[PDB]
Every structure is written in C-alpha cells, then in structure tokens.
Amino acid sequence: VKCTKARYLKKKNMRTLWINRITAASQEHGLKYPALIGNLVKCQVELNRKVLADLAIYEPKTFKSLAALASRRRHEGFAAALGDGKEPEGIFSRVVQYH
Amino acid sequence: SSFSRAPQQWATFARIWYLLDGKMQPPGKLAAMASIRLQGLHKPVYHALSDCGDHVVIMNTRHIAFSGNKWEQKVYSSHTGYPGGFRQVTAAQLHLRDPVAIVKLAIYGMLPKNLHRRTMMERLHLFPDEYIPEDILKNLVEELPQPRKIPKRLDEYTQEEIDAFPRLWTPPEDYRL
Amino acid sequence: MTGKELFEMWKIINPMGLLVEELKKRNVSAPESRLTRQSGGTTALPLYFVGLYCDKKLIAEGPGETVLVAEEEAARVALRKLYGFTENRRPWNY
Amino acid sequence: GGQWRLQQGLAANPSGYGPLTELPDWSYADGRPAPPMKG
Amino acid sequence: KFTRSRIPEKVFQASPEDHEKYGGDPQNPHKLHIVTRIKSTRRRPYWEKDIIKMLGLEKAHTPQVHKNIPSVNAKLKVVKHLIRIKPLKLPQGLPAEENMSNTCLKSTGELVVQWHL
Amino acid sequence: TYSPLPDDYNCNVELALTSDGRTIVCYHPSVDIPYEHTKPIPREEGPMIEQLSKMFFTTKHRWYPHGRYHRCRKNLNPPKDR
Amino acid sequence: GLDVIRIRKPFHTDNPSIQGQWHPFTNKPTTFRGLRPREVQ
Amino acid sequence: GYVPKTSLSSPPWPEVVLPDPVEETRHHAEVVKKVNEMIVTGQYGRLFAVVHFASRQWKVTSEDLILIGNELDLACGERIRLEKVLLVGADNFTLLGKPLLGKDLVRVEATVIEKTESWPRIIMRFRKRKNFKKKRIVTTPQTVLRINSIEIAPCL
Amino acid sequence: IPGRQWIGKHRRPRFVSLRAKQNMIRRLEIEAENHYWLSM
Amino acid sequence: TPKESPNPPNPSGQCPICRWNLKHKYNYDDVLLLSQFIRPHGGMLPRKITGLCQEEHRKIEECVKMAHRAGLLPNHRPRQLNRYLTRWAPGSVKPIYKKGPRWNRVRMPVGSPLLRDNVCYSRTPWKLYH
RNA sequence: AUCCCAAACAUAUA
RNA sequence: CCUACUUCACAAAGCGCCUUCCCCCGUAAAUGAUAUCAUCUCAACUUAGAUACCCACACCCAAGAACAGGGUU
C-alpha cells in the first residue's frame, strides 16, 4: 500500500526539489524565483521545472541567459506600469499569437 | 571544464567557507542566511542525502541588536531534569552569560529537525568579537552582505548633507535651548 | 570511444612535460601556473584551482585537493584543449 | 503563471490548446508525416 | 430550516453601468451560453446535484453550450454559484459542414473556424 | 556589456530578438579569469573519533562501526551511473 | 536482452554537459590579487 | 514636485531605465548577425536541445538515450525526427523559442532501439476493519530512443 | 478551555486571512458576472 | 540658527510637515528631520513654537524617542545593549514568562503605532507586533 | 496544579 | 569521623563529636520634556549590582555484590 501511495509523493517532492534548485541558481544571479518563472512565462518561454533545474546544474550560463532575460522582462513590466498614460510596449513584452 | 572525472566531482561538491559580519544585525536575519547556507540550499546541486553543507563563520555576535524591546522581553527556557530546575532567563542575561548563544539558538531553531542538525551546527563557527583564529581566517572565501542596513547617526552625517537638508521651521528670535 | 574521455584511453604520466614539449614545438614559452580559486586551505578537504597561463592569457585551469594535483590536472585540461579533444567537441558524424 | 495567459487570450494551461499540443510530435526521417496522436 | 432559495428578480435587472462594464449589448442579446463548472457538487444539496447532472456539467472546467431560453436560465439561476457562464460570441458566422471538423474555441469566449494546427 | 542588472559579477550575456519576433538569441561567451586577479603558487579508540570529528567537522556518531545486519544489506556491486 | 528490472533514470546522457558542470565558483566574482576576505596583504 | 531625501520617500529598489528602442533594435540586429556568422562558419561544438517529445520535456544531446512510457507504433531501428524543439544551445550561444523553433533552424533526429514493457508494478489498496484488500499488477509499455544528431542551421 | 476546543462558550475564533478574503472576492465577482449574463 | 528656506513646495499646508509634502514620508532613521525638532537635551520642543499638528507632533515625538533608544543622537545626551524601534522604555517592560498557546499569544511590540499610515513598499505590510 | 513552548523577521516592487 | 561517653571492641554505630560561605540585579535619590514652572525615567539620563571538588597473573585492603579501585620497596 505504501509502494502505491508513494508515487504521488514522488511527483510532489521531486517538484519541490526542482523548485529549490531553481531558487538556488536564481538567487545566485540576483533574481528570486517568483520573478524568474513568472516573468519568464510572460515571454512565452514555456519551459518546465525539470529542464530549468537540469540547466542550473549541467549548463550554467544558458541558465544565466534565461535569468538575464527574466530580469529584462521584469524591468520592462515595471517600466510599463510606471507609464502614466499611453506608452509603446517594450521589446520583449510583445506577445506572439497563434491560431 | 572538460576536467577528468574525479576532479570534476570534487569541484562540484567541494564546500566553501563563508564569513558573515554581525555588528548591529538582528540575530534572526543572520540566522536565516546561516540556515540556508549550512544545509546547502544555495547550491543548485542540493539534496538532503548528498550532504552538501557549507561552512559559516559569524563574527561580532556580541553586538547583535534585537528589535523593539526584545532584550527585556524575550526569554529562553531550559530545564535540567532535576526538580526546581526550570530556569528561564531573559535575553540580556543570556547575552551577558555567554554572548554566542542567541545566534546559536536562532540557527538551531531554523535548521531542519533531523539527525543532520548536529553536523550543520558543528560546521557553524561563532566568534564574539573581531578576533578569529588564523587557521580559520585563511580558509575563508566570501563575505555575505549585511542584511540590515546600519542607519548611521548625526556623527557621520557630514556638513554637506546637514546643510543640504532644508531647514523646515523658523524659531523666534529669542529662545532658551 | 564515446563517453570515454581522452586520457582514460591514452595512458600517459607526467602531463606537464608533454605540455611544455607541445608548446615549445609551437614556439611558445613554458606556461606559468598560478592560483585562481582557493577554498578551505588548512582543512583536510581543500579545493585548489590552478590556472596555467601563456604570457598574460589563460589556456586552462583545473581543480584538485592539492595545488600539485591541481597543476597536473590543469595540465591535462590544457593538453586536451590544444589537441582538440575536449568534452565540448562536435560529436562524431555518423 | 496563468492569469496573465488568460488576459492575453491563451489557454491558462500550456498543455491545453496551443503550439505545444496541437502540432505533431514527430515525423519519419525522409519527411513523410506519421499518423496523428490519439489525443 | 434550510430550503431552496428564491432569488428576487431585481437581482437580474442589469444596469447601464453593468452594460459598460462587461461586454454589454442589451438589444441584439446573445444567443447561446458557454457554461463551465468551477465548484464541487458535494457539500451542496441534492437538487443542485441533479441540475448539474441535467445541464451536462459533470466534469469541472469542461465547457458545455446551452440556449439562452428562460427555462435554462431558470435552471442556471440556482446553480449559478457553481458555474461560470460566458457568451459564445461568433465574430464570423457559425461553421458550414465542410469546415466543421476544423474549428476550435478560444478562452475569450469565441468559436473560430481558422484552426490550422 | 549592457548592465540593467550588473552583468559583471560573473560574465556578460547579450540578448536579442530575431527580426520577426519568433526566436530569441542570446550570446554568452566564456569570460576568462584575469591574471592580475590571481595569486602565485606557494612553493586510542575514543580520541580517534574525537580527532576525526574535528578534522572533518562531522559529529562523532557516524564513526563507530555497524553490526553485521547493517553490513550484509549493503550492496557490494552497485549499478554504475554513466 | 537486459533484465526487465527497474530503470532508475529515464535517460543515460553519456556527456551530460556542453557548457561546463557547476562548481561553487561559477557565478562568484574574483578580487584584486586574490584576497580572501578581511585580509590585508 | 519635490521631496527631501529620506529613507522611505524614494523607492528602495534601484530604478533602472530601459535603453532607447531604436538603438536597442540596432544592437539586437548586430548581435543576431554575430550569432549568425558563428553558426554559418562552424564555431559551435556539441549541442543540447530541450525538446517536448510526446509527453513532457527532455534535455537531449547527441548519442544519448531517452525512455518514453508508451508505445510509438514504429518498427525497430526506424529513423525519426522530433519536432517541437524549444531550446538549442552550444558552448557560446543558445536559442530559445517563443515557444517553439521553426523546423528549419533546428533538426533533431532519433532512432528507436528497443521496445519493452516496464517491470511489474503493484497497485494494492487496503482499508482497516472493512475487509477491503485489493491487489493488481500493472506493466506499462515503454520504448527507448537513441538521439542521433542535432543539426542547427544558419537561417536567422 | 473545557473540552472539544473548537466549540463551547470559550471557543477559539478562527482568523480571516487576507488570501481567504481575496478568494471570497474572486468567487463573488464571478457571481456578479453570472448575474449579468442571466439578465438578458 | 534654523530659518525657513525660500522654496517650500506646498505653502500654507495643514502643518509644517504638510508644507513640505512629507506627512507620510518619514521613519525613525531620518535623523535630520528629527534634529530640526529637538532641543539640545534630547526632549523636543512645544508644538506651539514649531507649529506642528497634533498627529504629526505625536509622530515626531515617538520618532525622537525611538531614535534616542537606538543610539542615533549621541551628541544630544542630557550632559551596553543596542536596539532599534524600541517601543517601550526598557525600564518598564517585563519578561514574557508565560506566552500563551497558538491562539492567545502575547508578542513583543516593535515599531510604533503612529506609523501605520507610512508608505508601504513590500506587499506584506509592516508587522508592528512580533 | 511535571517544563516557556516554532526559530525568526516592522520596507526590494503580489 | 571515632579521641573520649555510650551498644560493642583490628571495626560498625548514636544518644557523642566537628564544618556549613557567595556581596546575588529590589528598591529610592537627584537634573529635566513634550506640558519652558512643575514631575523617580510605559523619555532621554549618574549610583547603592562565587567558588570549591575530580584530572597520570597471584596476595592483601581502611575498595568491593560480580567487575572495578588502593598497596606488594
């Protein structure tokens, strides 16, 4: 019964491990984890957590690239919010659509 | 990169020393930073079963600054098994008795509550004042930032900002002061 | 030879000798070694990073638990980089 | 994050409708496509 | 005692402020509803369960379409606290038979024919 | 070298969009560690546990041996990863 | 022919890095002449 | 519109400002041209591709193996190509899609090496005092794919 | 505290967090939209 | 001696803090704002002479107190354990020997209650009682 | 009425 | 602990002897503010505020249930 009921915990706490690892790398590059994954999903880079953690380990400066991209998007978002009126959108903030 | 196998493993899992000033910092924030660093939750390689803890060295723990009135109010409780041994002591008293115990107990509370807590608390080093043994000082690598920004007082406010800050009211011609 | 690194297949000893031999065959000075990163110098689990240099430019670095093993493995690293047999090489094209 | 995805007119769940799930996931080497997914 | 609920009809006299708030169109009112369940049938009385079995809403977050007749409105008006109903706007007319197997639905509430994968 | 975030702690990475907008290209070269930032090479069964406890900084518990039951269950020929 | 017993990793990436595996000094700066903190000379 | 300097009148976060859009576009054009000449010449080495094949995301490189938890309707040793590549990277550059990358800028091949069924896994349900004791054996089917090559192409 | 601590005259009243209130408001706004789309 | 500068942005306000668009823009760390409302011996001036309002007078008084007990005006003594945001004077606060269970805890005050309407920048507000 | 009982933290863009 | 007294008499004992400590954080006194006088301070501000003990086979013993411990010059 434990061998059965443990598969759901397997998924649960492996996702927790990946979230912790990504938080470690993100803190290495100056960005908390909420900001990273949120503002990265706000650029249609639909990358899941397993690959992000595996990139934190086995590919450090492509992770640096993704973190820099996230910080860029965050700054563009804060600039847009600071826009008190009508403002052109940022350069990465643009949304690509598909039918 | 492109190292050999064993040197690559040693590079990955090697453990880095960390100094951490403590002057005019609240014990809890030092405790939080030390808690994350001791158990390895700053390495992307983290895992509980890997034991990737990294050493930590706090200094100036005598100049810890609790917030509010926590010196008078916060009380730490201990009890030897012998009757009447329920003793509990304020923070000021425990600071005078042994001025490395507030930060020690904070880091002890935050760490995970398992049979790895003792290893992590052994890899913590706490030194009350700026002194530090040389065989430790020549192991250090990094100096983590001070969490609380120490608000400087009038004494180090140079005249440029004293007179640049606008005078905001007009006392009458005559006054005692 | 897939996955097998170079020097697990080409069993040599005394790498820095072959390094200076190759760099002299290319008419360049014997490379000068320095200490890049150091963590835990006194304890029994140290990490020393030794970087070989070629007249103010760096051609490899390597980790070890002694400055000497670090020297040796940084030599192995540089020797790999020169011979175009690193781990980032283009995979064989089948 | 999926509230932002909705205020931009996307499926809140990237495994919903979008490029990621609609398009085929493989093709024979020469180029002739392959029978679609049962999903 | 607990009972059913009779909502006074004054709750359904939409104001002009409501009209300009949501995608209002009082005249030329919309034809269909797309309805999705967002709460559990359990911990809720039995007639709510029966209604949520009558309107096809078994699985949550699975959208189902219905008319805007006052009968179906009188059914929805007692499970309204378990459903999100959005108009099914049709910017281009409802599909023809040849291009019907190649249609799809967008989260904004629109049914669209131009869905090439 | 653009530094909204101070891309100097580690190295510098440059971000850009292809002309249309459906691909993002980032350029990250391996920044090399400078020379003038470098340094030159410099050219008995209870006390046993206590000394190993101070040298490796682990606590005393793990150093005592374990019984036969906890040493026939150990795997002699474990699988080799990679 | 391999035994049908459990499979631990869904992958066997024999060269699992292209960009340099992580050691604690990636992303950590360097200082003038290699001064560990609080030093003088 | 003036405030004397104070610890909380200003925002603690350091207010950055974005670059000018036209110069920003010129910079972006320059760097993409640089990466384009790098790809055209042959600077790169090995390549890693983050791929979305058939359930979920795999980080894949040449020569390696990937275990999929379902059948794929393909004879043994029958070459295949994996569309839906959402990251491809080398030593010096990496390209991310938004979300995906066109079928011309990245080409990921593959082959099927073996088709197996997983080890016999157990589903047992149990409840106390109710004589509820269910047992079942499940054998999921699996197929293992050898990734062969990842060819990037200059089309940017 | 007499027993069955969640009831009695000296019961312990639970606190209303901010995110619970935010969830209440989310459901309630959805209800307002339902009221509209059943109003025609 | 202190005077009035020729550029008060918002002249004729509710109080000389409102005459500088400050009413919710000072903490205890603002040493000079307090120093402009202090005698040479630590205790601050009557509100009549300065012209301050009731609430802002109270706020500057409390800020002066917390600034003293933090050790931020050492040249204002009337002639060691280091704190900040010391609400109550340390001579009249007792230890918390009996802190209740989860649901009736007694917690150590921090900050001052006259600074709730300050600007807030982290989304989780100031947590006065700790 | 055996022994207080989570360690902490007023502010980095929800 | 056994010198005497006392049951007893290589000793164990009491009804017989000798030793027993450490200022231990509690109080008020002044100057003085918002509230210019006035007021001990949920304002700042000067003061009445522990040791000691232990540490390197066999035969007897003031050490011992066995094992331990002191002695064998």
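- Looking at the PDB entry, one finds chain F named 39S ribosomal protein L42, mitochondrial, with Homo sapiens as its source organism.
- For this structure, the PDB header gives the title as "Cryo-EM structure of the human mtLSU assembly intermediate upon MRM2 depletion - class 1".
- Entered under Subcellular location in the UniProt record, the comment concerning chain F runs "Mitochondrion".
- Its UniProt record, at the heading Sequence similarities, says of chain F: "Belongs to the mitochondrion-specific ribosomal protein mL42 family."

- As annotated in the PDB entry, chain B carries the name 39S ribosomal protein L13, mitochondrial and is attributed to Homo sapiens.
- Listed under Subcellular location in UniProt, the entry text for chain B is "Mitochondrion".
- Per UniProt, chain B has the following entry under Sequence similarities: "Belongs to the universal ribosomal protein uL13 family."

### Topic: the overall build of chain B
Now for step 1: What chain B contains, in helices and strands, is eight helices and six strands.
Now for step 2: In sequence order, the secondary structure elements of chain B are arranged as α-β-α-β-α-β-β-α-α-α-β-α-β-α.
Now for step 3: Taken against the 2.2 N^0.38 rule, which gives 16 Å for 177 residues, the C-alpha radius of gyration of chain B at 22 Å runs more than 25% over that of a compact globule.
Now for step 4: Structurally, chain B occupies a C-alpha span of about 80 × 60 × 30 Å along its principal axes.

### Points about the pairing of strand 7 (residues 106-117) of chain H
Residue and element names in this part refer to chain H.
Now for step 1: As paired strands, strand 4 (residues 80-81) and strand 7 are joined by two bridges and run antiparallel to one another. Bridge pairing in strand 7 links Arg81 to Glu109.
Now for step 2: Relative to strand 11 (residues 150-152), strand 7 runs antiparallel, the two being bridged by three bridges. Across the sheet, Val108 pairs through a bridge with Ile150, a residue of strand 11.
Now for step 3: Both strand 7 and strand 10 (residues 141-146) contribute to a ladder of six bridges, which runs antiparallel. Bridging across to strand 10, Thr116 finds its partner in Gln142.

### Observations regarding the packing of aromatic side chains
Now for step 1: Taken as a whole and assessed by the stated rule, the structure comprises 18 aromatic pairs over all chains.
Now for step 2: Taking NZ or CZ as reference, B:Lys74 lies 5.5 Å from the ring centre of B:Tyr76, over its face.
Now for step 3: Over the face of the ring belonging to J:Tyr84 we find B:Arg148, whose NZ or CZ atom lies 3.7 Å from the ring centre.

### Topic: the protein's contact with RNA strand K
Now for step 1: Around RNA strand K, the structure places 41 residues, and the nearest of them are B:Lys29, B:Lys70, B:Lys74, J:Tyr84 and J:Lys98.
Now for step 2: Close to the protein, within 4 Å, the atoms of RNA strand K are drawn from sugar and phosphate at a rate of 61%.
Now for step 3: Broken down by secondary-structure element, the contributors of at least two residues to the surface near RNA strand K are helix 4 (60-82) of chain A together with helix 2 (27-38), strand 3 (75-79), strand 4 (86-90) and helix 5 (101-110) of chain B.
Now for step 4: For the surface near RNA strand K, the class distribution of residues is 18 nonpolar, eleven polar and twelve charged.

### Digging into helix 3 (residues 54-69) of chain J
All names here are of chain J.
Now for step 1: The terminal C-alpha atoms of helix 3 lie 23 Å apart, and with 16 residues this matches the ideal 22 Å at 1.5 Å per residue to within 8%.
Now for step 2: Buried within helix 3 we find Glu56, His57, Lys59, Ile60, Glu61, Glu62, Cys63, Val64, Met66 and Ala67.
Now for step 3: Where helix 3 ends, the next residue or the one after it, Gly71, has phi of about 75°, a positive value.

### Some details on unusual backbone geometry
Now for step 1: Here the amide bond leading from H:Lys98 into H:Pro99 is cis, since omega sits at -5°, within 30 degrees of zero.
Now for step 2: The phi angle at B:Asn60 is positive, at roughly 70°, despite the residue not being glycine.
Now for step 3: Here B:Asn60 is to be found in the loop between strand 2 (56-59) and helix 3 (70-73).
Now for step 4: With phi around 80°, C:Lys56 is a residue other than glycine that occupies positive phi space.
Now for step 5: Its location among the elements puts C:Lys56 in the loop between strand 2 (47-54) and strand 3 (57-64).

What counts, and where the lines are drawn
- Residues numbered from 1 in each chain as written, not as in the entry; some residues may be left out.
- Chains lettered and ligands numbered in written order.
- Part of a larger assembly, values for the part shown.
- Heavy atoms only, no water.
- UniProt positions renumbered as here; feature names shortened; annotations may be inferred.
- Helix = DSSP H or I, 4+ residues; strand = E, 2+ residues; numbered from the N terminus.
- Rg over C-alpha atoms; globule rule 2.2 N^0.38 Å.
- Pairing = 2+ DSSP bridges.
- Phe/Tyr/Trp six-rings, centres within 6.5 Å; stacked < 30°, edge-to-face > 60°.
- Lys NZ or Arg CZ within 6 Å of the ring centre and 35° of its normal.
- Near = heavy atom within 4 Å.
- Nonpolar A, V, L, I, M, F, W, Y, C, P; charged D, E, K, R; others polar.
- Expected span 1.5 Å × (residues − 1).
- Buried < 20%, exposed > 50% of the residue type's maximum accessible area, 1.4 Å probe, protein only.

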